[PDB]
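*Asks:* structure-v2.txt is reproduced in full below (compact mmCIF, C-alpha atoms and all ligand atoms).
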```
# COMPACT_ATOMS: atom_id res chain seq x y z
CA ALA J 1 4.63 1.16 -8.37
CA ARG J 2 6.55 0.36 -5.21
CA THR J 3 7.20 -3.36 -4.84
CA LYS J 4 8.05 -5.12 -1.53
CA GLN J 5 11.85 -4.94 -1.88
CA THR J 6 14.18 -2.26 -3.30
CA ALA J 7 11.29 0.17 -3.77
CA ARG J 8 11.37 0.50 0.02
CA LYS J 9 7.56 0.43 -0.25
CA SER J 10 7.72 4.23 -0.24
CA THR J 11 7.94 7.04 -2.79
CA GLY J 12 11.64 7.78 -3.13
CA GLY J 13 13.00 10.61 -5.24
CA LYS J 14 13.07 9.57 -8.90
CA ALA J 15 15.98 7.74 -10.54
CA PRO J 16 18.20 8.50 -13.60
CA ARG J 17 16.99 5.85 -16.05
CA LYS J 18 15.08 6.75 -19.21
CA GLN J 19 12.66 4.04 -20.33
CA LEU J 20 13.90 2.32 -23.49
CA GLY O 259 -2.82 4.92 22.85
CA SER O 260 -0.69 4.10 19.81
CA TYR O 261 1.23 6.07 17.23
CA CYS O 262 2.13 5.92 13.56
CA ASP O 263 5.35 4.12 12.60
CA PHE O 264 6.42 7.22 10.61
CA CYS O 265 6.08 10.34 12.75
CA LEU O 266 4.76 8.47 15.75
CA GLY O 267 2.39 11.26 16.71
CA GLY O 268 -0.88 9.51 17.37
CA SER O 269 -4.48 8.90 16.35
CA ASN O 270 -5.32 12.49 17.36
CA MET O 271 -2.29 14.41 16.12
CA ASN O 272 0.04 13.94 13.16
CA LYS O 273 3.66 14.90 13.74
CA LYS O 274 4.26 15.02 10.00
CA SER O 275 1.44 17.42 9.20
CA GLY O 276 0.22 18.70 12.54
CA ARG O 277 -3.25 17.42 11.83
CA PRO O 278 -5.40 15.00 13.81
CA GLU O 279 -5.98 11.70 12.06
CA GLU O 280 -6.94 8.21 13.10
CA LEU O 281 -4.08 5.77 12.96
CA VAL O 282 -4.20 2.69 10.81
CA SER O 283 -3.10 -0.67 12.16
CA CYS O 284 -1.28 -3.87 11.18
CA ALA O 285 -2.61 -7.40 11.56
CA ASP O 286 0.59 -9.27 12.37
CA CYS O 287 1.70 -6.59 14.80
CA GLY O 288 -0.97 -3.95 15.18
CA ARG O 289 1.45 -1.12 14.49
CA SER O 290 -0.30 2.11 13.61
CA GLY O 291 0.23 4.31 10.64
CA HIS O 292 -1.13 7.62 9.49
CA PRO O 293 -2.76 7.19 6.04
CA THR O 294 -1.11 10.55 5.28
CA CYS O 295 2.28 9.47 6.58
CA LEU O 296 1.64 6.18 4.76
CA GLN O 297 1.01 8.14 1.53
CA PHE O 298 -2.49 6.68 1.29
CA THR O 299 -5.46 8.34 -0.33
CA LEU O 300 -9.06 8.59 0.76
CA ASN O 301 -9.43 5.22 -1.00
CA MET O 302 -6.38 3.54 0.57
CA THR O 303 -7.15 5.23 3.82
CA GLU O 304 -10.72 3.97 3.82
CA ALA O 305 -9.68 0.53 2.54
CA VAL O 306 -7.18 -0.01 5.34
CA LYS O 307 -9.97 0.82 7.75
CA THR O 308 -12.18 -1.77 6.06
CA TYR O 309 -9.89 -4.78 6.45
CA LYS O 310 -6.53 -5.69 7.81
CA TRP O 311 -4.11 -3.38 6.03
CA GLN O 312 -1.09 -5.04 7.74
CA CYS O 313 2.27 -3.27 8.13
CA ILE O 314 4.09 -3.54 4.78
CA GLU O 315 6.42 -6.36 5.79
CA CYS O 316 3.24 -8.11 6.85
CA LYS O 317 1.33 -6.88 3.85
CA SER O 318 1.42 -10.21 2.09
CA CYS O 319 0.33 -10.58 -1.51
CA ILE O 320 -3.39 -10.84 -0.86
CA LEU O 321 -3.43 -12.89 -4.04
CA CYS O 322 -1.22 -15.58 -2.43
CA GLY O 323 -1.76 -14.46 1.12
CA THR O 324 1.97 -15.25 1.42
CA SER O 325 4.41 -12.41 0.62
CA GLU O 326 7.01 -15.03 -0.31
CA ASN O 327 8.33 -13.44 -3.50
CA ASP O 328 7.64 -10.05 -1.96
CA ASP O 329 10.45 -8.87 -4.25
CA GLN O 330 7.52 -8.25 -6.61
CA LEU O 331 4.80 -7.72 -4.00
CA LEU O 332 3.40 -4.32 -5.01
CA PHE O 333 1.31 -2.12 -2.74
CA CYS O 334 -1.88 -0.72 -4.27
CA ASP O 335 -2.24 3.07 -4.30
CA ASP O 336 -6.01 2.95 -3.84
CA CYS O 337 -6.31 0.45 -0.98
CA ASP O 338 -2.74 -0.54 -0.22
CA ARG O 339 -3.25 -4.23 -1.00
CA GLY O 340 -0.40 -6.63 -1.69
CA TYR O 341 0.16 -8.19 -5.06
CA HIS O 342 3.27 -10.04 -6.31
CA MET O 343 3.57 -8.34 -9.70
CA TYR O 344 3.21 -11.80 -11.23
CA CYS O 345 -0.16 -12.45 -9.56
CA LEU O 346 -2.02 -9.48 -10.82
CA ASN O 347 -4.83 -9.93 -13.35
CA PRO O 348 -2.54 -8.16 -15.83
CA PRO O 349 0.83 -9.14 -14.33
CA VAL O 350 3.12 -6.17 -13.97
CA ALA O 351 6.41 -8.06 -14.53
CA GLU O 352 8.27 -4.89 -13.51
CA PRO O 353 7.23 -2.10 -11.11
CA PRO O 354 4.68 0.06 -12.99
CA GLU O 355 5.94 3.22 -14.68
CA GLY O 356 3.28 5.35 -13.02
CA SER O 357 0.46 4.70 -10.56
CA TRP O 358 -0.51 1.07 -9.99
CA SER O 359 -3.84 -0.21 -8.71
CA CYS O 360 -5.07 -3.55 -7.39
CA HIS O 361 -8.32 -5.33 -8.33
CA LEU O 362 -10.11 -4.34 -5.12
CA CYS O 363 -10.42 -0.71 -6.15
CA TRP O 364 -11.68 -1.76 -9.58
CA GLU O 365 -14.10 -4.26 -8.19
CA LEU O 366 -15.22 -1.39 -6.06
CA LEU O 367 -15.26 0.80 -9.17
CA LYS O 368 -17.93 -1.36 -10.74
CA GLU O 369 -19.85 -2.64 -7.72
CA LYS O 370 -20.20 0.98 -6.57
CA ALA O 371 -23.19 1.13 -8.92
CA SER O 372 -26.76 0.27 -7.94
ZN ZN J 401 2.36 9.95 11.35
ZN ZN J 402 3.13 -5.98 10.97
ZN ZN J 403 1.29 -13.49 -5.08
ZN ZN J 404 -6.65 -1.21 -4.85
```
As C-alpha cells, please, write out the structure in this file.
Ligand SMILES: [Zn+2]
Ligand SMILES: [Zn+2]
Ligand SMILES: [Zn+2]
Ligand SMILES: [Zn+2]

*Replies:*
Amino acid sequence: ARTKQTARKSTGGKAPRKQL
Amino acid sequence: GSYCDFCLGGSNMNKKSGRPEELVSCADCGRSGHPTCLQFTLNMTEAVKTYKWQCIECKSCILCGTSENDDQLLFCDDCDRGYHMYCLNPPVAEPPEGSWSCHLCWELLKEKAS
C-alpha cells in the first residue's frame, strides 16, 4: 500500500527488492 | 467549474481517458480529482463522494484525524481513507505487500446486510 511519504501516494512502477 | 489535479480536464471530461466523470474534491482546499486519475475504484470513488476525501496531503489519518506521522499514513484502496500504518486495527508496520484496505470498507462489508 502507498503510505503518505516516499510512496508518493500513487502507484509507481515496481521496485527491485525481493521479500525476505 | 473545477478540474482534476492530475489531468485537469474537468467534471465533464477526463483528459487522461477522454471520458466524462464527476470530479472529487478536497476538504482543506477543495481541489478536484478524477476517481480514475486518482486510481480509485467504484468503492473509493463512491466513498470520496460520501464524505470529505481531502487531497492526499490533507488526507489525514482518519484514525488520528492528524496526518502527523503521515510517513506511515496509508491511503485505502476501497475508500481512500487515511491510516497511519500503526493505527490500523491490524497495524501494517510496513507498506502492505499487495492491496491494503481500511476499516470503513469492511464495516461497509458487514453492515451492507439487512
Ligand atoms: Zn483527470
Ligand atoms: Zn487539500
Ligand atoms: Zn494515525
Ligand atoms: Zn476502505

*Asks:* Residues of chain O no more than 6 Å from chain J, counting all atoms listed in the file: send them over as a PyMOL selection string.

*Replies:* chain O and resi 328-332+353-354+357-358

*Asks:* Write the residues of the preceding selection, restricted to C-alpha atoms, as a compact mmCIF listing (two decimals), in the frame of the given file.

*Replies:*
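Just written: part.txt:
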```
# COMPACT_ATOMS: atom_id res chain seq x y z
CA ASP O 328 7.64 -10.05 -1.96
CA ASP O 329 10.45 -8.87 -4.25
CA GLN O 330 7.52 -8.25 -6.61
CA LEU O 331 4.80 -7.72 -4.00
CA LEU O 332 3.40 -4.32 -5.01
CA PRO O 353 7.23 -2.10 -11.11
CA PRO O 354 4.68 0.06 -12.99
CA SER O 357 0.46 4.70 -10.56
CA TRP O 358 -0.51 1.07 -9.99
```

*Asks:* Using only C-alpha atoms and all ligand atoms, find the one residue out of O:325, O:301, O:347, O:372 that sits nearest to ligand ZN 403 (chain J).

*Replies:*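 Answer, going by the shortest atom-to-atom distance: O:325.
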
*Asks:* So how far away is CA of residue 317 (chain O) from CA of residue 337 (chain O), in Å?

*Replies:*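 Separation of CA of residue 337 (chain O) and CA of residue 317 (chain O): 11.6 Å.
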
*Asks:* Compute the distance from (-4.4, 0.8, 7.9) to each atom, counting only C-alpha atoms, keep the residues with any atom at most 6 Å away, and return them as a PDB file with C-alpha atoms, in the frame of the given file; use the coordinates of the file.

*Replies:*
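The file below, selection.pdb, is the result:
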```pdb
ATOM      1  CA  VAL O 282      -4.200   2.690  10.810  1.00  0.00           C
ATOM      2  CA  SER O 283      -3.100  -0.670  12.160  1.00  0.00           C
ATOM      3  CA  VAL O 306      -7.180  -0.010   5.340  1.00  0.00           C
ATOM      4  CA  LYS O 307      -9.970   0.820   7.750  1.00  0.00           C
ATOM      5  CA  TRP O 311      -4.110  -3.380   6.030  1.00  0.00           C
TER       6      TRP O 311
END
```

*Asks:* Can you tell me which residues come within 8 Å of ligand ZN 402 (chain J) when counting all atoms listed in the file, ideally as a ChimeraX atom specification?

*Replies:* /O:284-289,312-317

*Asks:* At a cut-off of 9 Å around ligand ZN 404 (chain J), and using all atoms listed in the file, what residues come up? Please write them as a PyMOL selection string.

*Replies:* chain O and resi 301-302+305+333-340+358-366

*Asks:* Extract, using all atoms listed in the file, all DNA, RNA and protein residues at most 8 Å from residue 259 (chain O), discarding same-chain residues fewer than 2 positions from it, and format them as number ranges by chain.

*Replies:* O: 261, 268-269

*Asks:* Could you state the separation of CA of residue 263 (chain O) and CA of residue 324 (chain O) in Å, given to one decimal place?

*Replies:*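 Atom-to-atom, CA of residue 263 (chain O) to CA of residue 324 (chain O), that is 22.6 Å.
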
*Asks:* Report the distance between CA of residue 291 (chain O) and CA of residue 266 (chain O) in Å, rounded to one decimal place.

*Replies:* 8.0 Å

*Asks:* Point out the residue among O:281, O:320, O:295, O:351 with the least atom-to-atom distance to ligand ZN 401 (chain J), counting all atoms listed in the file.

*Replies:*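 Result for the nearest residue to ligand ZN 401 (chain J): O:295.
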
*Asks:* Tell me which of O:271, O:367, O:346, O:322 sits closest to ligand ZN 401 (chain J), counting all atoms listed in the file.

*Replies:*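 Of O:271, O:367, O:346, O:322, the one nearest ligand ZN 401 (chain J) is O:271, counting all atoms listed in the file.
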
*Asks:* Output as a Markdown table one row per residue of chain O within 6 Å of ligand ZN 401 (chain J): the closest atom pair and its distance in Å to one decimal place, counting all atoms listed in the file, sorted by chain and residue number ascending.

*Replies:*
```
| residue | atom | partner | partner_atom | distance |
| --- | --- | --- | --- | --- |
| O:262 | CA | J:ZN401 | ZN | 4.6 |
| O:264 | CA | J:ZN401 | ZN | 4.9 |
| O:265 | CA | J:ZN401 | ZN | 4.0 |
| O:266 | CA | J:ZN401 | ZN | 5.2 |
| O:267 | CA | J:ZN401 | ZN | 5.5 |
| O:272 | CA | J:ZN401 | ZN | 5.0 |
| O:273 | CA | J:ZN401 | ZN | 5.6 |
| O:274 | CA | J:ZN401 | ZN | 5.6 |
| O:292 | CA | J:ZN401 | ZN | 4.6 |
| O:295 | CA | J:ZN401 | ZN | 4.8 |
```

*Asks:* Can you tell me which residues sit at most 6 Å away from ligand ZN 403 (chain J), counting all atoms listed in the file, written as an NGL selection string?

*Replies:* :O and (319 or 321-322 or 341-342 or 345)
